[PDB]
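Single chain ahead, written as structure tokens, the form deposited in one PDB entry.
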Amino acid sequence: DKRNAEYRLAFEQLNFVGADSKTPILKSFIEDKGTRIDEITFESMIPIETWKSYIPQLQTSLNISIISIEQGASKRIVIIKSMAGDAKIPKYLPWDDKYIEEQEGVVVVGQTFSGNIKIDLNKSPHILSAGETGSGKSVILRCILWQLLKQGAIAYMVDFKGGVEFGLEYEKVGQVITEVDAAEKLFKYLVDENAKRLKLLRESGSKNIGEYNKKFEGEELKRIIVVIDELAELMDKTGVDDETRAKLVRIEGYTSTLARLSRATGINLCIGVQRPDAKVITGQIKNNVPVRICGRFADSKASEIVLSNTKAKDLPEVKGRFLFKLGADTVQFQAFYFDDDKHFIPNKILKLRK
């Protein structure tokens, strides 16, 4: 057993032995081939505090990035959460207009171990971005929005916090919705537009809008991008009056309809969530939004609501580091940093539209 031998040598070189004069014995090594976050279990007579003093050295000796070291079942077992030293992903990756894909509908959200995370909205039509305050889960949505705007999409932005998350500059490129009445009128219009698009597809014998657009020289349907800054603002009906609750009941239905039926019509939903709750990230939403982008959560319950797994509690504490899920994949990636002050240039969008 080569690996066991290598570790024994690395610890012997450090004279890293317990009160029994024994180097740590390797017990388990559970590896995640998607996130590249391993779980390394050891049995030693060495206190956890000595292991933590050796973090810098142990990283170089074992050639791993240590995320955490913690005590297990007994004060004789330690668990190391780590990534291999050869599993390099940047800790900082700024956005560059060079990452924009020429293929209409394709977006790039960041970098994984080998290459970029690309989402084809013609295949995976909706994106859910989950993350706590200061994670950068909204930076991802504005990045996606930028790329789609650069490809000539029509945009709608939903933020009931008076549109702070999308100021005056965003209003030059699209409609910023800040009230429940405007959201109800918007979502009703979106369900109706979607229904008109479906009948165009059925009538013309087209599989998607791309095919329909080939058939009609001057009647081209544009991709509609809808950015919902906070899903809970639409889904939580508590503490509102009878009238407002009924408006939110109806918006919940329009959103369900859109997520389910807007697949080949080019009407994409990019939803932000801060607090994973099954009353917000509903069975209907989860079943119809294939892409999940997830920041680090301390509670495995929060991660299970978003990803149907506990991997988001294992993420490194690096700002911009996220998990990407599409079907069977739960992949670690460093999101591009889309800085509004440097990167959101509204006049480039207005020039390209002609």
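Residue numbers here begin at 1 and follow the sequence given. If you superpose the two forms and keep the largest set of C-alpha atoms that fall within 1.5 Å, you have the rigid core. Residues that one form lacks are left out of the comparison.
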Of 330 to 338 and 21 to 29, the stretch whose C-alpha atoms average the higher B-factor in the entry: 21 to 29
Mean C-alpha B-factor comparison - 342 to 350 and 12 to 20, higher one: 12 to 20
Member of 289, 294, 37, 55 with the greatest C-alpha B factor (per the PDB record): 37
Selection from 141, 264, 164, 176 [criterion: highest C-alpha temperature factor in the record]: 164
Residue 42 - Cα temperature factor, lowest/middle/highest third of chain: highest
Chain-relative CA temperature factor third for residue 71: highest
Residue 147, C-alpha B-factor rank within chain (lowest, middle or highest third): lowest
Residue 311, C-alpha B-factor rank within chain (lowest, middle or highest third): middle
Ranked against its chain, the third holding the CA B-factor of residue 184: lowest
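Although it is not shown, the form deposited in another entry is what the next lines describe.
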Core-fitted Cα difference of 2 Å or more between this form and the one not shown, single residue among 260, 250, 81, 150: 81
Cα-Cα trend for residue 274 and residue 70, given that in the other form the distance shifts by 3 Å or more: farther
Residue pair residue 65, residue 117 - Cα distance in the other form, closer or farther (3 Å or more): closer
Once both forms are overlaid on the core, stretches between this form and the one not shown of 3 or more residues with C-alpha shifts of 2 Å or more: 1 to 85, 210 to 219
